[PDB]
Amino acid sequence: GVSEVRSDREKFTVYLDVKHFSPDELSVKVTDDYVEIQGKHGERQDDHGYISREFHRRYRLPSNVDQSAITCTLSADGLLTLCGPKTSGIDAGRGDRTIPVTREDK
Amino acid sequence: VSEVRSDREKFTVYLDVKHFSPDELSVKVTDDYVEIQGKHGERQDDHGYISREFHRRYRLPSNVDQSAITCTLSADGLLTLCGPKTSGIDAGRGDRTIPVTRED
């Protein structure tokens with residue numbers, strides 16, 4: 001559907017279709033071992049109509065994802081990709097933070 | 001997800017609202033527009049949680065009888081709004097809340 005999670009020995013990946021949402025309309029944060037994605041997008045419709053859509057998603061993070069290294073990219077086609085590098089050892093990089101939503105130039 | 005039809009007899013809106021239970025939907029006529037809202041609180045899904053809200057507005061043709069607009073919702077989550085057209089000036093005009101009826 002709209003939301004898929006993948007996991008291999010190197011990383012944890014979330015793929016979320018957010019078609020028509022702009023980077024400025026998306027907020028991505030790490031909060032309490034979840035990645036939180038919030039979006040609100042409005043647009044005109046035919047004959048004076050209007051549609052607004054809002055959502056709030058939380059994805060549970062495995063303990064071995066390095067929260068400080070999570071990235072978020074948005075494609076032209078509206079695919080949001082969250083990438084969470086996995087780590088071993090002592091440095092966990094755990095902590096709440098705001099993740100920049102970076103549009104890729106493709 | 002949306003389609004609007006408008007012929008000499010009626011105005012019809014088809015809208016996919018599959019994520020929303022009937023009680024999570026509100027349809028109103030406000031200042032000659034139809035406003036449809038869907039809102040649900042945090043649900044659990046396989047990977048975490050999700051909440052959603054939408055607000056969709058449609059401008060009504062001046063000759064739709066607002067008082068006669070009906071709204072039904074299919075088991076598959078398709079909303080159908082229908083309003084007959086009438087010739088009389090301001091016939092049936094007025095803000096109202098339109099109950100979303102289950103089709104079964």
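Residue numbers begin at 1 in each chain, while the letters A, B, ... track the order of the sequences. Hydrogens, waters and symmetry mates play no part in the numbers below; they use all other heavy atoms, side chains included.
- Looking at every heavy atom in both residues, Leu82(A) comes nearest to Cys72(A) through CD2-CB, 3.7 Å.
- In this structure, chain A has no heavy atom under 4.5 Å from any part of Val13(B).
- Contact check for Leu16(A) versus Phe55(A): side-chain heavy atoms found under the 4.5 Å cut-off.
- Contact detail for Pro85(A) and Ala69(A): the closest heavy-atom pair is CD-O, 3.5 Å.
- Summarising the geometry, atom CD1 belonging to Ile37(A) is positioned 8.0 Å from atom CG belonging to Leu26(A); distances are rounded to the nearest 0.5 Å.
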What are the sub-3.5 Å donor-acceptor pairs between chain A and chain B, distances to 0.1 Å?
residue  : atom : partner  : partner atom : Å
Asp47(A) : OD1  : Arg59(B) : NE           : 3.3
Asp47(A) : OD1  : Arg59(B) : NH2          : 2.8
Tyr50(A) : N    : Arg57(B) : O            : 3.2
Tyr50(A) : O    : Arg56(B) : NE           : 3.3
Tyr50(A) : O    : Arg57(B) : N            : 2.8
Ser52(A) : N    : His55(B) : O            : 2.8
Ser52(A) : O    : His55(B) : N            : 3.0
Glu54(A) : N    : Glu53(B) : O            : 2.8
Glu54(A) : O    : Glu53(B) : N            : 3.0
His56(A) : N    : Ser51(B) : O            : 3.0
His56(A) : O    : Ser51(B) : N            : 2.9
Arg57(A) : NH1  : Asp45(B) : OD2          : 2.8
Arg58(A) : N    : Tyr49(B) : O            : 3.0
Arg58(A) : O    : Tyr49(B) : N            : 3.0
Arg58(A) : NE   : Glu42(B) : OE2          : 3.2
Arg58(A) : NH2  : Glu42(B) : OE1          : 2.8
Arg60(A) : N    : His47(B) : O            : 2.9

Inset, instruction - Give the intermediate values and the outcome of side-chain contact (heavy atoms from CB on, under 4.5 Å) for residues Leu60(B) and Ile69(B). - result: CA-CA 11 Å; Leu60(B) 293 170; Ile69(B) 296 171; 3.9 Å; yes
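- Inter-residue side-chain proximity for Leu79(A) and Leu74(A) is flagged as unmet; no heavy-atom pair is nearer than 4.5 Å.
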